[PDB]
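First, one chain by itself in structure tokens, the form solved without 4-(1,2,4-oxadiazol-5-yl)aniline (TJL).
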């Protein structure tokens, strides 16, 4: 509808796949080469389905901060025959607050879904499903089941992936450039 939705669509159309684990279907953001991200509660194993194709997992790492606190981001390297467009230059370098974000989801239940969530707060600490979690972004939208893994963007930036909600607010795990250096 406007330039926020334009940037979101450009990310969705080239840098997402549908990931299926034994815990459900998730929006999955591809970042570069065969490297993608998914919420850690997806419980990635040795095999995952990517757009309904059986795919070997070459590596999976559940990220934690240097205090050994959950970040709710798992970085997955896929045994896929195709690379993702490299979008690492759209990742923020530091923790920040944002204006005017979009949450974008693509699954069997919610294809081509875009939500203007408005202002994004650097919330920090969240007890997420009973797990102490750091680097949480918060937005005042009543997000629902089916949205985990959804991509949070501003114009110019890919800032997080949706990991939860409390019925009135939604919560995303930050993406930082430093997670994807090699």
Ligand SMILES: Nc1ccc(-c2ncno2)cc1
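Positions refer to the first chain, counted from 1.
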* Structure fact -> Of 103-111 vs 84-92, the stretch with the larger average CA B-factor in the entry is 103-111
* Return whichever of 145-153 and 23-31 has the greater mean Cα B factor according to the PDB record. => 145-153
* Asked: Per the entry, which of 38, 50, 57, 66 tops the list for Cα B factor?
  -> 66
* To do: Determine, from the deposited record, the chain-internal third of the Cα B-factor for residue 168: lowest, middle or highest.
  => highest
* Consider only the C-alpha atoms of the modelled residues in this chain, order them by B-factor as the entry records it, and name the third containing residue 1: lowest, middle or highest. => highest
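This next part talks about the form solved in complex with 4-(1,2,4-oxadiazol-5-yl)aniline (TJL), which is not shown.
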* Asked: So in the bound PDB entry, does any heavy atom of residue 27 sit within 4.5 Å of 4-(1,2,4-oxadiazol-5-yl)aniline (TJL)?
  -> no
* Answer with yes or no whether residue 142 is in contact with 4-(1,2,4-oxadiazol-5-yl)aniline (TJL) in the bound PDB entry, where contact means some heavy atom within 4.5 Å. => yes
